[PDB]
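J.: Just passing along the structure, written as structure tokens.
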Amino acid sequence: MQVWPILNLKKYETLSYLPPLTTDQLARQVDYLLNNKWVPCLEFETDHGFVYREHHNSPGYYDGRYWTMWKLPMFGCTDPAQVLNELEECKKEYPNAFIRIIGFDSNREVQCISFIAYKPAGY
Amino acid sequence: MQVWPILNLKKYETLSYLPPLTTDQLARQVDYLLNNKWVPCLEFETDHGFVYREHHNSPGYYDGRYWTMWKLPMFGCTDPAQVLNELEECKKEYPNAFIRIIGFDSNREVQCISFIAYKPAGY
Amino acid sequence: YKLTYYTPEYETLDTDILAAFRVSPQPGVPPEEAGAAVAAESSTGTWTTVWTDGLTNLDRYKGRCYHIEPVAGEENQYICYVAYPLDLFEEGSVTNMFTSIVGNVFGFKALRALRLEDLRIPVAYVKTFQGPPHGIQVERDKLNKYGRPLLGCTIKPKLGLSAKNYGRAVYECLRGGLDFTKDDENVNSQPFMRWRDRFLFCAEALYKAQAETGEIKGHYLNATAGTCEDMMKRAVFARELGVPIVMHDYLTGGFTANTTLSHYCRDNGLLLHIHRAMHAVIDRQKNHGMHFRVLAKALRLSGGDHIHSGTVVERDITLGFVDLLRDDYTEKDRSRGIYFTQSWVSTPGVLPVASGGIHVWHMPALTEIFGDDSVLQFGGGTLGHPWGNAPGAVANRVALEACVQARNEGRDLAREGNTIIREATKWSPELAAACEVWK
Amino acid sequence: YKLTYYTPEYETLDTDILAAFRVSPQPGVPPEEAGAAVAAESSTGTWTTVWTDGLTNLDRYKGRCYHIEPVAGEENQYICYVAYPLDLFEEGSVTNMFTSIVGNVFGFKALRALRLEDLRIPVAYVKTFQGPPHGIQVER
Amino acid sequence: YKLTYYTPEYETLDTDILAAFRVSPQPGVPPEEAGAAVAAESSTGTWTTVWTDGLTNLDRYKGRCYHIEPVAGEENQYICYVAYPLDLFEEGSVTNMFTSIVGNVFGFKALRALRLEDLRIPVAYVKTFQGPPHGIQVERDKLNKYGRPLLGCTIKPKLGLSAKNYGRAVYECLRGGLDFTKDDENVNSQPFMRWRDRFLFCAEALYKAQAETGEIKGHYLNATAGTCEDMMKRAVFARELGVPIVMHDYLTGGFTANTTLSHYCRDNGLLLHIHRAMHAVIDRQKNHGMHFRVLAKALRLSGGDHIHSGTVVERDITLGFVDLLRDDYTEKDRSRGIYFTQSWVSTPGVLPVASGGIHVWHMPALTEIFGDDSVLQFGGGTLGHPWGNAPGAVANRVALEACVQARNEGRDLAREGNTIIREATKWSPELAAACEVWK
Amino acid sequence: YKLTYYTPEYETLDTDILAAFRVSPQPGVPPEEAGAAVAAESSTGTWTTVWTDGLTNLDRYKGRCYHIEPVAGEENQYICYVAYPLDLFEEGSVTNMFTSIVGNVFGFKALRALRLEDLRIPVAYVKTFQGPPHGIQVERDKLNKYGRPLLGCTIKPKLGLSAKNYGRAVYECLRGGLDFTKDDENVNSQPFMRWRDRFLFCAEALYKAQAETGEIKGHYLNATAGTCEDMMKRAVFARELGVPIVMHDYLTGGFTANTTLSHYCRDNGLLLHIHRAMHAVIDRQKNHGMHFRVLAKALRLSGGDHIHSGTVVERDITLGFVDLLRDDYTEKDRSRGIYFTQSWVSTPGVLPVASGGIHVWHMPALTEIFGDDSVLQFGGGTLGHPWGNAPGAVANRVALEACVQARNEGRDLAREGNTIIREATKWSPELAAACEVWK
Ligand SMILES: [Mg+2]
Ligand SMILES: [Mg+2]
Ligand SMILES: [Mg+2]
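Those sequence lines, one after another, are chains U, T, N, L, M and M'. A prime marks a further copy of an entry chain.
Position 118 of the first sequence, counting from 1, maps to 118 under the entry's author numbering, and the rest follow consecutively.
Position 65 of the second sequence, counting from 1, maps to 65 under the entry's author numbering, and the rest follow consecutively.
Going left to right, the third sequence walks through residues 20 to 332, 338 to 463 as the entry's author numbering numbers them.
Position 107 of the fourth sequence, counting from 1, maps to 126 under the entry's author numbering, and the rest follow consecutively.
Going left to right, the fifth sequence walks through residues 20 to 332, 338 to 463 as the entry's author numbering numbers them.
Going left to right, the sixth sequence walks through residues 20 to 332, 338 to 463 as the entry's author numbering numbers them.
Structural data, given as structure tokens:
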């Protein structure tokens with residue numbers, strides 16, 4: 001019988017309970033978005049990358065949901081290598097940031113994807 | 001005339017004003033639970049082990065009351081050595097945690113016991 | 020009746036409320052008369068002539084059986100299509116919609132049994148309702164959860180635990196990776212656990228789990244009560260606590276109270292989880308009652324963000345009404361029990377909730393059948409894990425994510441589901457532990 | 020279930036809510052099991068064991084099929100009598116009374132059909148309701 | 020009367036309110052007539068015949084003396100048992116229950132004295148009341164305090180200190196280890212200390228002590244006032260401060276006001292401490308009045324979480345009504361003054377509060393007699409310690425915990441109490457200091 | 020104590036609240052110590068020394084036994100006079116006045132028994148209360164009734180009649196000449212007669228009787244309830260009906276609720292009738308409790324227009345407290361049980377209500393003993409008349425008026441009462457009929 005840890009076990013939603021994704025698994029998740037005609041985009045956060053409540057407390061309001069856009073959504077992107085290249089670029093400029101890949105479905109007109117692609121120092 | 005200290009004098013409810021319990025006193029408290037047919041269970045807290053108010057302020061609401069369950073209540077436990085063995089186990093995995101023994105009276109259907117069994121570094 | 024109410028030449032208007040009834044007449048009653056009886060009995064139609072009928076134009080208010088078709092493989096059973104003019108209904112009142120259509124006919128002597136199978140709600144009438152307080156896309160944005168089904172855990176036993184012990188179970192469940200915990204439909208306010216104490220302890224537990232994991236959590240706080248006043252007091256305290264979601268048993272509480280709660284949820288930002296307790300009293304038998312798809316459309320109008328919708332694991341019938349709850353437009357499809365094409369003119373969709381005796385091994389099937397937009401509820405599937413709630417929650421969250429990853433990679437969940445689960449047990453001791461207790 | 024929920028020796032309490040259900044089981048389901056299913060399914064009764072049950076005394080909250088009698092002239096149909104403890108219900112809430120008793124059972128797979136025929140509402144529960152705003156004599 | 024009201028053949032109904040009266044008739048009045056007088060005088064019974072009696076069926080509304088038994092060792096005194104039909108009472112109104120039973124009889128000429136000893140409240144009537152806002156188990160869960168009696172300290176002097184000085188005393192008491200501080204029953208709002216200033220300074224003091232010790236603390240803020248409005252204003256400010264507990268003198272404020280406060284406490288999560296000021300005016304003499312157990316049942320119905328119940332250190341009479349306040353079911357037991365078996369059908373129990381001239385040396389006796397579910401209140405027993413309030417609080421908290429540990433280890437508190445205290449003085453300078461001033 | 024609390028040299032201040040206690044000490048306790056105990060125990064006085072006492076000046080807050088006198092013909096019983104400083108009390112709160120003085124002492128071990136006989140309420144404290152909503156003179160002006168006692172009739176049976184039948188009895192009583200009808204103290208809201216139905220039918224009946232006779236009529240509508248909210252709802256409906264008077268059981272409802280109702284009555288023009296149900300539980304025994312005159316002063320402060328005060332027919341004790349309820353100033357008079365001179369500084373007087381087993385033959389005695397300013401209540405004395413309520417009412421109204429005329433003419437009611445009644449029977453068939461059933 002093992003006890004689920006309490007310390008330093010913050011999660012980042014979808015796919016964050018699986019072992020970290022390799023470059024190849026990353027590449028396949030990004031191909032899923034492309035094959036569905038969803039637009040990839042990267043987001044990064046240098047401060048705390050989890051939800052909290054600082055500015056308001058009413059139902060449905062949380063701080064920490066929005067992170068900051070790395071450049072712009074990659075419209076007309078056809079190759080996952082383009083996305084992973086930006087991930088590399090973002091990681092170099094922000095080795096200290098949490099970086100996730102998100103996607104937009106301009107047809108349903110909503111963000112439809114969000115998974116952690118890189119976490120810094122022992123997170 | 002002696003002045004009751006102000007610094008680092010946090011308490012943990014029942015039995016926390018007595019000198020720390022030896023293994024033998026621990027064993028007798030646990031036998032009291034068994035002899036009453038109450039189910040022993042361990043709880044531990046790595047962060048702050050005292051009551052505070054972060055998320056709400058209305059009457060009767062406090063944060064820090066719930067700690068986290070070490071495994072499951074020990075139903076059908078007949079020997080205190082079983083409990084103290086888990087205490088040892090918990091202490092090894094969480095040498096930095098506050099660990100208390102609690103008990104449940106499934107007949108009154110309520111938690112009925114709660115006493116500090118281990119406190120870390122100079123607490 | 021035959022003459023006035025059976026109108027096979029009738030062209031339905033886009034403003035008409037259309038109904039498909041499964042009619043089983045008494046022997047000796049031909050279909051056309053029965054269909055004419057169903058239409059008259061659910062609209063004008065009086066046993067004797069009255070002088071006041073000459074004061075109006077009753078043709079403009081009558082129900083019209085415009086079509087009849089035999090039911091295959093059944094003896095003496097037909098599907099009769101009835102059209103009701105828009106003017107018969109009170110704007111925004113599901114209560115009146117049901118009273119007008121279903122309030123009187125079912126007791127007709129000439130009928131041996133009667134079942135309402137579907138309703139085509141015209142867009143002009145759809146626009147008079149608020150619909151879901153939030154709906155699928157808004158809920159995902161608020162909770163910041165994308166690309167996978169949501170996970171819930173129903174707390175058991177339903178009765179017996181004290182408020183604090185109940186809250187302890189809530190914390191252990193949420194910290195393990197599930198998104199929501201839930202109050203059983205029976206849990207309102209009772210001697211051993213009054214509602215306010217429950218709300219309060221559940222609030223402490225969910226905030227503790229949210230702070231621990233970094234993920235937004237919620238607990239469906241049951242606001243179902245004996246009066247509108249009591250129900251509103253419970254929802255108001257939820258708002259006060261700043262929590263995300265409340266719950267209502269829409270059939271036992273009723274449509275008038277549900278609509279009130281739905282409007283309050285919209286105005287205060289609360290998500291609304293709907294439980295369908297008592298539905299089987301009405302929708303079970305094929306010969307008499309109302310099919311669940313009709314009750315599902317009603318809920319989408321009155322309002323709710325989640326709606327319990329069974330478990331599949338008649339697949340097709342279920343998938344049919346899942347589309348009716350989620351999509352903006354669903355075309356007529358008899359193979360799926362969809363009798364009418366239905367448009368929603370942008371009314372938000374409702375998240376279907378699968379529940380009932382499910383565990384890790386159903387995960388690939390549930391994901392494949394429902395897709396991302398669903399909530400998978402696990403009671404014993406979590407609270408029955410050998411290592412406790414947190415590990416039970418982790419096993420479920422891991423199995424789900426393994427399935428989503430695999431699907432996204434192009435694997436066939438239908439054919440490889442068991443393998444995807446087995447593969448994850450090699451690295452998840454929690455899942456490995458669950459798999460041993462289950463398949 | 021059979022073991023925990025079919026209790027023919029049970030003496031109902033004056034505070035118990037009693038229900039008479041007309042049960043039509045699926046072929047192959049004996050009456051005692053069906054009655055036990057009806058009682059479990061409308062009260063505690065979980066498809067799998069849960070550790071939290073040991074936190075309370077579930078015997079005090081369970082529905083109990085205490086009696087079963089065949090229906091005359093019907094094939095495979097019985098009247099099962101179930102007793103529900105007073106503590107399961109919210110005072111003055113017909114909404115909760117119906118949810119607790121009728122909210123879940125009717126969909127049980129083992130049952131082919133199910134009809135609630137009557138309920139004995141105990142006087143202790145009757146006193147929690149207002150009842151008619153006026154009633155017969157006051158109206159006259 | 021004799022004929023209509025003395026009914027020895029009567030079988031009481033489970034819905035009947037039963038009363039046991041200690042009757043001392045005037046010489047020359049036989050018991051059966053007196054019992055018949057007590058029943059008539061507290062129900063129908065008119066000095067002259069009235070035509071309106073024929074409009075109803077008075078047998079259905081009359082009180083019935085169904086049994087009479089001599090009192091042992093007393094001259095001319097009997098216990099008469101009277102049954103009152105359920106229909107005589109207003110649902111949820113202790114005020115009406117007392118008016119109906121005790122509002123008229125006590126002045127009857129034929130009686131020399133009269134004392135109500137006990138009442139059997141039927142479960143059907145018990146269900147019409149809210150009962151305690153929270154009760155024992157919920158209070159322990161809220162305060163997160165288990166396995167030992169709670170400790171309080173009454174602030175003195177009751178009058179004379181300014182609000183701030185009063186708050187200073189509150190902080191010094193709480194920081195030492197006591198769970199609660201308390202406003203004297205006389206402390207409402209007076210020239211030298213207005214209620215709001217007191218509430219505010221007490222709030223600062225209790226939060227300071229809670230932050231220092233890490234343990235939840237409370238102060239019984241007295242909300243007793245001259246009008247319902249004033250009383251509600253005080254409770255509302257307590258809610259605003261976010262504190263855990265308010266207090267009410269239920270006998271001097273009265274039952275109507277107490278019930279109002281009890282309902283408000285339930286709806287706002289406030290614990291409610293009840294002080295029984297003025298009780299001795301009513302319950303003291305054995306021959307006339309109402310025994311405290313009757314006033315204790317009334318409070319459990321109207322509502323309160325704590326109730327002052329004496330100090331023992338007639339043990340047995342007291343333990344008898346302690347069971348009536350705490351348990352769900354108490355069997356008839358004359359040796360303990362329990363005249364009727366009483367069921368509560370899950371109405372929460374009330375925590376008995378022992379108070380009055382107690383100090384450290386009574387600790388083993390109080391723990392043994394009351395057990396864990398009690399609140400031990402120490403005024404001079406803390407404020408009289410030579411080193412001040414904090415050390416006075418520590419001495420009490422240590423003595424209590426030493427007793428709980430010893431008991432749990434299987435030691436006999438009855439026989440070893442003094443030794444358990446002496447043993448703790450060897451390691452607690454604070455307790456050693458108290459012991460020197462007391463025994 | 021002896022030293023600090025027995026102060027025979029003390030000169031009371033005009034602002035002091037003075038109390039006269041009938042003290043029965045335990046054998047072995049001298050009077051001076053007992054008096055000192057009574058004063059300490061009802062004020063400061065702690066079993067052990069506390070450091071906080073040095074923070075104030077406790078001499079300014081202590082009760083002082085300033086005088087002790089033996090009780091004649093009693094063994095070991097004294098009257099101890101205690102003075103309490105004005106600063107101990109909350110302005111306008113009878114609830115606090117009673118808590119401070121009577122909340123603790125009665126249980127003192129050293130005392131065998133204790134009875135509060137009287138209180139001197141200082142004018143400075145009297146000015147903090149509203150007093151009667153209207154009082155004697157204003158009530159007579161409103162009702163336009165002068166120069167004779169008012170007449171009431173209590174409706175019986177108290178329980179059993181339906182609301183309409185109850186109203187029928189009300190109409191028959193009022194139309195006969197009585198000024199008021201009344202709800203029994205037990206009549207609040209019960210299964211066979213809910214309060215609102217009663218209020219409504221009583222309203223129809225009283226307006227019918229008023230229109231028939233041309234005289235203003237009223238019915239004491241009982242507003243006593245379980246909570247302040249319920250009590251206020253009943254008073255509000257009375258206001259809505261436009262009726263003149265409501266009723267309250269001030270002891271069972273309590274002082275906080277009574278004061279609230281009294282203030283509402285003042286602000287809405289409603290007369291307030293007070294029933295003293297349960298008083299005998301407290302005031303009956305000479306040795307322990309509170310004498311009725313103390314409860315009567317309390318009611319005059321909290322507020323009430325009528326107050327039940329017995330029936331006489338200890339005359340002198342009664343007449344003593346009648347003066348205390350009616351007059352502006354009453355001088356000390358031991359022969360009448362008046363221990364202190366009492367001033368009211370223009371607080372309106374309260375109309376005493378005589379009740380209980382009275383009939384026509386007591387009329388000359390009641391008029392003579394109470395005078396014009398009283399309300400004579402006749403239950404069976406009206407409803408028991410052989411020809412019915414109206415004739416029963418006429419017989420009472422005629423007997424009363426015959427007595428008033430005779431008195432005004434200078435006849436001695438004490439000596440000629442029976443003759444004045446006999447003389448009226450020669451011309452009143454209704455009175456002749458009553459006289460035959462009674463004397
Ligand atoms: Mg459920
Ligand atoms: Mg006190
Ligand atoms: Mg009366």
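Quick reminder that beta carbons are idealized off the backbone N, C-alpha and C, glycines included.
Going by Cα to Cα distance, which pick from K81/N, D286/N, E60/N and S112/N is closest to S58/U?
T.: The residue given as residue 58/U occupies position 58 in the first sequence. Nearest of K81/N, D286/N, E60/N and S112/N to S58/U, Cα basis: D286/N.
J.: Any heavy atom of ligand 5 closer than 6 Å to the CB of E204/N?
T.: With respect to small molecules bound, the structure shown includes ligand 1, ligand 2 and ligand 3 and not ligand 5.
J.: Between the segment 42-73 of chain T and chain N, which residues of the former have CB atoms less than 8 Å from a CB of the latter, in chain order?
T.: The segment 42-73 of chain T vs chain N, Cβ under 8 Å: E54, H55, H56, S58, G60, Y61, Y62, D63, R65, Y66, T68, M69, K71 and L72.
J.: Got a sec, what are the start and stop residues for the alpha helix (DSSP H) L37/N sits in?
T.: The sequence position of residue 37/N within the third sequence is 18, counting from 1. Where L37/N is concerned, there is no enclosing alpha helix (DSSP H), although the beta strand (DSSP E) it sits in stretches over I36 to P44.
J.: How big is the Cα-Cα spacing for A56/L and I301/N?
T.: Here residue 56/L refers to the residue found at position 37 of the fourth sequence. Here residue 301/N refers to the residue found at position 282 of the third sequence. Approximately 20 Å, taken between the alpha carbons.
J.: Identify, in the order they occur along the chain, each residue of the same chain with its Cβ nearer than 6 Å to the Cβ of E204/M', setting aside the five sequence neighbours on each side.
T.: As a first step, residue 204/M' must be located in the sixth sequence, where it is residue number 185. Contacts found: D268, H294 and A296.
J.: Hey, is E86/T's beta-carbon within less than 7 Å of any beta-carbon in chain L?
T.: Here residue 86/T refers to the residue found at position 86 of the second sequence. No, no contact with chain L.
J.: Quick check on DSSP: helix, strand or coil for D137/L?
T.: On the fourth sequence, residue 137/L is found 118 positions in, with the first residue counted as 1. If DSSP states are grouped into helix, strand and coil, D137/L belongs with the strands.
J.: Taking only beta carbons into account, state which residues of the segment 176-189 of chain M' come closer than 9 Å to chain L, listed in chain order.
T.: Listed in sequence order: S181, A182 and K183.
J.: When you compare only the Cα positions, how much space is there between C427/N and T354/N?
T.: Sequence index remark: in the third sequence, residue 427/N carries index 403 (1-based). Sequence index remark: in the third sequence, residue 354/N carries index 330 (1-based). Spanning the two alpha carbons is a distance of roughly 28 Å.
J.: Below 9 Å on C-beta distance, what does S112/L contact in chain N?
T.: Residue mapping note: residue 112/L aligns to position 93 of the fourth sequence, counting from 1. Those within 9 Å of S112/L in chain N are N207, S208, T243, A244, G245, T246 and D249.
J.: Closer than 9 Å by beta-carbon distance: list the chain L residues that pair up with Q304/N, in chain order.
T.: In the third sequence, the residue the question calls residue 304/N occupies position 285. Going along chain L in sequence order, the residues near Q304/N (Cβ under 9 Å) are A132.
J.: DSSP puts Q111/U in a beta bridge; with which residues?
T.: Reading the first sequence from its first residue, position 111 is the one you call residue 111/U. In the DSSP output, where bridge partners are listed per residue, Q111/U has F104/U.
J.: At 4 residues or longer, what runs of the alpha helix (DSSP H) sit wholly inside the segment 425-455 of chain M'?
T.: DSSP runs (the alpha helix (DSSP H)) wholly in the segment 425-455 of chain M': 437-449.
J.: Terminal residues of the continuous beta strand (DSSP E) containing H327/M?
T.: Locating residue 327/M in the fifth sequence gives position 308, where the first residue counts as 1. It spans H325 to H327 - the beta strand (DSSP E) in which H327/M sits, taken as one unbroken run.
J.: With a cut-off of 8 Å on the beta carbons, I'd call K183/N and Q111/T a contact; round off their distance for me.
T.: To locate residue 183/N, count along the third sequence from 1; it is residue 164. To locate residue 111/T, count along the second sequence from 1; it is residue 111. Right, the Cβ-Cβ distance comes to about 7 Å (below 8 Å), so this counts as a contact.
J.: Using 7 Å as the limit for Cβ to Cβ distance, is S370/M near chain N?
T.: As a first step, residue 370/M must be located in the fifth sequence, where it is residue number 346. Taking Cβ atoms only, chain N reaches closer than 7 Å to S370/M, which makes this a yes.
J.: Under 8 Å between beta-carbons, which chain T residues line up against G196/M? List them in chain order, please.
T.: Residue numbering aside, residue 196/M sits at position 177 when the fifth sequence is read from its first letter. The answer, in chain order, is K11 and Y17.
J.: Would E45/T be called buried (16 or more neighbouring beta carbons within 10 Å of its own) or exposed?
T.: For the purposes of this step, residue 45/T is taken as residue 45 along the second sequence, with counting starting at 1. Buried.
J.: Touch check for the segment 274-286 of chain N and the segment 242-251 of chain N: three-plus C-beta pairs under 8 Å?
T.: Yes, since at least three Cβ pairs between the segment 274-286 of chain N and the segment 242-251 of chain N fall closer than 8 Å, the two stretches touch.
J.: Does the segment 230-238 of chain N come close enough to the segment 26-36 of chain T to have 3 or more Cβ pairs within less than 8 Å?
T.: No, they do not touch.
J.: Let me confirm a value: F75/T is counted as buried when at least 16 other C-beta atoms fall within 10 Å, else exposed. Which label applies?
T.: As a first step, residue 75/T is located in the second sequence; it is residue number 75 there, counting from the start. With fewer than 16 Cβ atoms within 10 Å of its Cβ, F75/T is classed as exposed.
J.: In the DSSP assignment, find the unbroken alpha helix (DSSP H) run with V142/N in it and report its ends.
T.: The sequence position of residue 142/N within the third sequence is 123, counting from 1. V142 to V145 is the extent of the alpha helix (DSSP H) around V142/N.
J.: Could you tell me whether the Cβ of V157/L comes closer than 7 Å to any Cβ of chain M'?
T.: Here residue 157/L is taken as the residue at index 138 of the fourth sequence, counted from 1. Yes, because at least one Cβ of chain M' sits closer than 7 Å to the Cβ of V157/L.
J.: Could you tell me the distance, in whole angstroms, from the CA atom of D397/M' to the CA atom of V374/M'?
T.: As a working note, residue 397/M' is residue 373 in the sixth sequence. As a working note, residue 374/M' is residue 350 in the sixth sequence. Cα to Cα, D397/M' sits roughly 9 Å from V374/M'.
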